[PDB]
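What follows is one structure encoded as C-alpha cells, with my remarks underneath.
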Amino acid sequence: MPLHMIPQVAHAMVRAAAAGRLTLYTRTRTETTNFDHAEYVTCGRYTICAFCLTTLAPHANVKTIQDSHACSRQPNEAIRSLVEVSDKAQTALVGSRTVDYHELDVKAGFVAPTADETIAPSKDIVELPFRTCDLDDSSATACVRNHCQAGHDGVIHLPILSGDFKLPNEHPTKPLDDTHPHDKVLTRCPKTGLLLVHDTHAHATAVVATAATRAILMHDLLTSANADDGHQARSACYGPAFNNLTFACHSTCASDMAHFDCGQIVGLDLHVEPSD
Amino acid sequence: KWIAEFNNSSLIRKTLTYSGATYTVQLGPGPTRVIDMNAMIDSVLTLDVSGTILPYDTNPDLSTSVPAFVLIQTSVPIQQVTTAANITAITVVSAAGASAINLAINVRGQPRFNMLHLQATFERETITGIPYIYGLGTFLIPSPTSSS
Amino acid sequence: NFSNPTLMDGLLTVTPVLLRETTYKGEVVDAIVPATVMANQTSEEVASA
C-alpha cells in the first residue's frame, strides 16, 4: 500500500481526526502523542504513515524530515486530540444563560415545560469513541432535555420549535446554554441512537470543516511534492473556518436562526406523563 | 467447497468490535456466508458491495454502520462455534473508514448503498493453515447495536 | 407527500459513438499516452471511465 487518490484519502484521514477517532499509531506506540511520526493510521485499510505523510513506509532514514512529515500535520494531530478532549471533558459549565425557561414538575403527572430559549444543566461530554456521552443514558435524558424540559437551548441556541421541532425525533445536535465562554457541547438527538457530543468552539456554522481539510495541504506537499490547487477548491468546499476554534463566539448564524427559531412559532414543548 | 454457511441456532450477538465499541454480529439464521479460505490457493477477496445496506431494523445506529469483511481464525470448526469463547480470532479486515455515511440512495426511501470495493489479501502463507481460515460479510458498527 | 427527490436507479449504457479522438482522463485529446497513465488510476476510476 502506496497511497492513491492522495488528497481524498487524506480527506478521510482528516475526517477521522475531526471526529476525534483517528488511529494514530507509530510502530510500537499506539498514539503519536509526542511527535514521533506514525506508521499505521487505518484509513479504511489504508495504513497512513506520518513518517512520510504517505503510507506504510517512511520516505527516508532522516528522522528529522520524517518527523517533519509528522510536524506538518501538527494541525491534524492537534485537532484530533482536541476534539477527543472536548467530546469527553472540556471547559466547565460555569453558569447558564437564559435564567430559566424550563420546568420539572414531578408531581404525579410530570409537568415538564420547555419554553422558547431554555437553559443548560446538561454537560454530556464523554464517550466520543462510539458511545453515549453519559454512560448509556444520553439517549433517555435528552428526551426530557429537549421536548419535556429542555436542558440545552437558550440565547443563540437550537432552532427547535421553529424548524427542528422535536430533537427526541429529529436528527441534529443541541447547543449548551452556558455563561462560560462557548462551552457548547452539542448533544445528539435521542433518535440518532448514538448520542455523541460536538463542542462548537466557534458557535454558528460547521467551522472545523475548512480548518481540518486545509491540513491536507501540508499532507499533499510532503507526500506528492506540492499541493496541487487543494485549498483553492477546499476553501469553498468545506464549511467555514471562523475564529480561533477555542471556545469563542462566532455568533452570526446561531445568533439569528437558533436564537429565534428556538421558540419562534410554536414556542412551547411539553411533557406531562410520569417519566422525566 | 470454499464457501459454506453457519447454521441456524446458536446466537452470538454482542461482540466488542473496536475500542469500547460494539456490534451485534448476531449469529444465527443463515448469517451471510462462511468463506472457507483454508488453503484455497492464493486470491484477493474482491468484495463488491452495492445496493445492499438495509438499515438496522429500527436503531439510531443508522450512522456508523458499514459493509465489512471479517476473517475468522480459529481451530474450532464453525459448527462448534457457539459462544464468544470459541472464536479465537474475529479480525475485521475489510472496512476501511469504519464508521459510516449515508451512501445509500436514501432520498426516495431507497436503501441503496453506494458501490464499495473491499479487499482482503488472501494469502494462505500469512496464516499457513492450522487455525483454519474463515470469513464473513457484514454491516459492522462501532456504535452499539440493540441485540433485542 | 412524496418527500423523496428521486429514485430512478437503473442502468446507463454510454454508447461512445465517436471513435474519433480518444479521451485521456476527461481530457479530450488526440493523444494516447500509456506510460503516463501508470499509477494514476484507482480501480474505481477505471471502472467509471
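Chains as they are written, first to last, in this note's numbering: chain A, 1 to 276; chain B, 277 to 424; chain C, 425 to 473. Every residue, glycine too, gets a C-beta built ideally from N, C-alpha and C.
- For A:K107, the uninterrupted beta strand (DSSP E) run begins and ends at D105 to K107, by DSSP.
- Less than 9 Å divides the Cβ of A:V99 from the Cβ of A:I119.
- Collapsing the DSSP output to three states places A:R188 in a strand.
- Among the CB atoms of chain B, one or more fall inside 9 Å of the CB of A:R15.
- Taking 9 Å as the CB threshold, A:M5 lines the interface with chain C.
- Considering only beta carbons, the part of the stretch 336-352 of chain B lying closer than 8 Å to chain A consists of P336, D337, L338, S339 and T340, in chain order.
- Apart from sequence neighbours up to five positions away, the residues of its chain that approach B:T364 with a beta-carbon distance below 7 Å are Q349, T350, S351, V352 and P407, ordered along the chain.
- Apart from the 5 residues on each side of it in sequence, A:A254 sits with its Cβ closer than 6 Å to the Cβ of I156, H203 and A204 in its chain, given in chain order.
- C:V453 has its alpha-carbon roughly 43 Å from the corresponding atom of B:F415.
- Taking all protein chains in view, the Cβ of A:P75 is crowded by 16 or more other Cβ atoms within 10 Å, so the residue is classified as buried.
- When 8 Å is used as the limit between beta carbons, A:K191 is near these residues of chain B: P336, in chain order.
- Per DSSP, the unbroken beta strand (DSSP E) holding B:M391 starts and ends at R388 to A396.
- Exposure of A:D136 is indicated by the presence of fewer than 16 other C-beta atoms within 10 angstroms of its C-beta.
- The beta carbon of C:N428 sits closer than 9 Å to some beta carbon of chain B.
- By the Cβ-count criterion, C:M432 is exposed, with fewer than 16 other Cβ atoms from all chains shown falling within 10 Å of its own Cβ.
- Boundaries of the alpha helix (DSSP H) around B:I403: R400 to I403.
- The three-state secondary structure of A:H157, taken from DSSP, is strand.
- Scanning A:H198, A:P175 and A:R214 for the CA closest to the CA of A:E117 turns up A:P175.
- The count of Cβ pairs closer than 8 Å, one atom from the stretch 367-375 of chain B and one from the stretch 221-230 of chain A, stays below three, leaving the stretches out of contact.
- About 20 Å separates the CB atoms of B:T328 and B:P418; that is not less than 8 Å, and the two are not in contact.
- If you draw a 10 Å sphere on the C-beta of A:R214, you find 16 or more other C-beta atoms in it, and that means buried.
- Checking the DSSP bridge columns, you'll see B:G413 partnered with B:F345.
- It is roughly 23 Å from the alpha-carbon of A:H250 to the alpha-carbon of A:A150.
- By a beta-carbon distance limit of 8 Å, B:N378 does not contact B:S326. Their separation comes to about 15 Å.
- By the criterion of a C-beta distance shorter than 6 Å, A:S162 is surrounded in its chain by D261, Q264 and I265, once the five residues flanking it on both sides are discounted.
- Look at the stretch 298-316 of chain B: it has no residue with a C-beta under 7 Å from a C-beta of chain A.
- Rounded to whole angstroms, the separation of the alpha carbons of C:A473 and C:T446 is 12 Å.
- DSSP lists B:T300 as the beta-bridge partner residues of B:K290.
- Shown here for B:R400: same chain residues with a beta carbon closer than 7 Å to its own, the five before and five after excluded, namely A315 and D318 in chain order.
- Against chain A, a Cβ distance below 8 Å from B:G373 picks out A12, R15, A16, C43 and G44.
- For secondary structure counted as the beta strand (DSSP E) over 3 or more consecutive residues, the stretch 214-261 of chain A holds no complete run.
- Taking 7 Å as the cut-off between beta carbons, the residues of the stretch 365-393 of chain B near chain C are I381, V383, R384, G385, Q386, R388 and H393, in sequence order.
- Judged by DSSP secondary structure, B:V368 falls within the beta strand (DSSP E) whose first and last residues are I366 to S370.
- Residues of the same chain with a CB within less than 6 Å of the CB of A:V106, apart from the 5 flanking positions on each side, do not exist.
- Interface flag for C:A459 against chain A is unset, since no Cβ pair is found closer than 9 Å.
- Looking at the DSSP output, A:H201 sits in no beta bridge, so it has no partner there.
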